[PDB]
Structure formats: structure tokens, C-alpha cells
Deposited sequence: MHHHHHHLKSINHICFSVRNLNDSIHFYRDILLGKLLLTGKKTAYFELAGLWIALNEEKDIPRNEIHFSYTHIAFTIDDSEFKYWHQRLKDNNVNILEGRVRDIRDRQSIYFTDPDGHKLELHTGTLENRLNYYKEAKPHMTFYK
């Protein structure tokens, strides 16, 4: 009875047109649908839905407790770093960054297996299953 796969992710965003430029132009996703308050993309093989909420407060911290990471090839690290820098993206191996609203994103060059093997050497008092 297991869950089969990730199906989609939805993000609330304050300005649809800023978020379409981010996900479509900067991150090279495919725009598939728009409405007044909605946009769907396919990005990295994943359906991403954006829901526009123009009243999310800009003077408060939100989006603190989740991050989403996408895979890139190690050889593409400098290309992506430079692409995000040249697009004035908020940047915090991995590249940590935010979308225009503050949703926390990451580009990462390794696998879960790579990370487990790293921790078995670096953090050997963790418990491995």
C-alpha cells in the first residue's frame, strides 16, 4: 500500500508575474497553465503549482520551516551560481537561495546514498538503518 511518488508541490506567492519569471526564466521550468491567481509549471519533472495571495505580509518572516532541493550535476554548479547571481536572486555541494517571496530552495549535486556515506565518515555517532 505505499505512496507511489511525489505528485506536485504548491507554493503561495504574492505576485504571479514575478514568480513566473523566476520559475520559468531563471529556473528554466515549463509554463503549462495560467489563471488570474494560478500558474502551473513542470520543473525538474515535477508539477509545481503557484497560488497568488497578494496579501501575504511582506514585513514578517514566513516560509521558515520547509526547504525544497533540486538536483544538478556537479559540473553545473558554477553555471547555476552565476545564473542566480546575475539575476539578483537572494543566495544564502549546495547553493541555498529563495524565490521572490522567500520560499527556501536549494540546488544540490549529490544523492541520498552519497550523503549517508558522508555521514558515516563525518558524523559516525549518528544511527544508520
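query: Where are the holes in the model when you compare it to the deposited sequence?
result: 1-5, 98-107, 145 are the stretches of the deposited chain that have no C-alpha coordinates in the structure.
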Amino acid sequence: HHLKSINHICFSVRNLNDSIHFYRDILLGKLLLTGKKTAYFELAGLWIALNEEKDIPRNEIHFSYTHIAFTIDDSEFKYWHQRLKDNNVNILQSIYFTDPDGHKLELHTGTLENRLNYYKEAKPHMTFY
From here on, numbers count along this sequence of modelled residues.
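- prompt: Can you tell me whether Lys123 lacks a model in a third or more of the other compared entries?
  reply: Yes, left without coordinates in at least a third.
- request: Please confirm whether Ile61, modelled here, goes without coordinates in at least one third of the other compared entries that cover both its neighbours.
  value: Affirmative; at least a third of those entries omit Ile61.
message: When the Cα temperature factors in the entry are averaged, is it 32-40 or 97-105 that ends up higher?
response: 32-40 has the higher mean C-alpha B-factor.
query: Once you work out the mean C-alpha B-factor for both 14-22 and 106-114 from the entry, which is higher?
result: Looking at the record's C-alpha B-factors, the answer is 106-114.
query: Looking at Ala69, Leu50, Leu27, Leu92, which has the biggest Cα B factor in the entry?
result: Max CA B-factor in the entry, restricted to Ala69, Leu50, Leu27, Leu92: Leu92.
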